[PDB]
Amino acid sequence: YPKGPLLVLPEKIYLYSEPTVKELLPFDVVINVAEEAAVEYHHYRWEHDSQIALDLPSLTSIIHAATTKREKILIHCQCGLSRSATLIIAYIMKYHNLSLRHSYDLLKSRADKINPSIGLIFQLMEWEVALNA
């Protein structure tokens, strides 16, 4: 397990899990994707994994808006690293026009412990088709 929020991408995107009030301090945008619970803050509570697909344009749009503002963005769940990884991968796929394989590989290489479900991987396949159409 970690060592504080993890810088996973050069554009200052951070991955983590259930931070403290002290650990949320350096961030300008926070995305919380955990199931239950200064400045820009977003909270999605998907009970089911199948629900992510509808929120991908908005969520990846939010992340990209953060990088355009050159801001530190934190994306976290608990414990749990499936939905948040999926989200980061969906962002890379769209805004860096990279394949699912490459996007996953990039994130994997930096955050070894990630494992989105097969459900979420199929979701990302669906996302790719929607990007190429």
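Position 1 is the first residue in the sequence shown; the rest follow in order.
- Coordinates are lacking for 4 to 9 deposited residues between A37 and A38.
- Comparing 26-34 with 61-69, the stretch with the higher mean C-alpha B-factor in the PDB entry is 26-34.
- In this crystal structure, the stretch out of 51-59 and 93-101 whose C-alpha atoms carry the higher mean B factor is 51-59.
- In the PDB entry, the Cα temperature factor peaks, among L124, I13, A111, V21, at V21.
- Per the PDB record, residue ranking by Cα B-factor puts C79 in the highest third of the chain.
- Ranked against the other modelled residues of its chain, the C-alpha B-factor of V8 as given in the entry falls in the lowest third.
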